[PDB]
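One chain comes next, on its own, written out as C-alpha cells in the form deposited in one PDB entry.
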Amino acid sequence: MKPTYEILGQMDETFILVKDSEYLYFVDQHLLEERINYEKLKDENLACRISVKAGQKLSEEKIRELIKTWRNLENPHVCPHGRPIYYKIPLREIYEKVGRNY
C-alpha cells in the first residue's frame, strides 16, 4: 500500500476494506493482528490466541490503528502460518469491466 489510502470499512466483521490508487485490499482482521502480535512477541501460538477473531465488530479507531500498523510490518503479506493476510483486486479490473479508463 501507498501512504495515501482510504479505509472503506469492515465487511462481514472479518475483512477491512482499504484502497490506494492501485488496489482495493480486503485485509483479514485476525491474520493482520496475529502478524502484528507475532512480530512483537515472536510466539505464533500466543500471537494467535490474543488476536481479534473473525466475527468481532471493530471500531473505526481500532480499524485505523490496524491499517496504520499493517503498512509498517516487516511482513505485511502472510501471517506466521503462511496464509495471505489479504485479498487484492486491481482497481483497473473494476473500471475496465464497466468500460472506464483507469
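Under this definition, the rigid core comprises the largest set of C-alpha atoms superposing within 1.5 Å between the forms. Numbers for residues come from their place in the sequence shown, where the first is 1. Shifts are known only where both forms have a C-alpha.
In this entry, 73-81 shows the higher mean Cα temperature factor of the pair 73-81 and 22-30. For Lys62, the recorded CA temperature factor ranks within the middle third of the chain's modelled residues. Ranked by Cα temperature factor within the chain, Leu8 sits in the highest third according to the deposited record. Residue-level temperature factors show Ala47 in the middle third of its chain, judged at the C-alpha atom. In the PDB entry, a CA B factor belonging to the highest third of its chain's modelled residues is recorded for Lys2.
Not pictured, yet referred to below: the form deposited in another entry.
Of the residues listed here (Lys57, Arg49, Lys68, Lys42), only one shifts its CA by 2 angstroms or more between the shown form and the other one after fitting on the rigid core, and it is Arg49. Between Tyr87 and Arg49, the Cα spacing is smaller in that other deposited form than in the shown form, differing by no less than 3 Å. Relative to the shown form, the Cα atoms of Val78 and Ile50 move together by 3 Å or more in that other deposited form.
Where the rigid core is used as the reference frame, a consecutive stretch of 3+ residues with C-alpha displacements of 2 Å or more between the shown form and the other one occurs only at 44-54.
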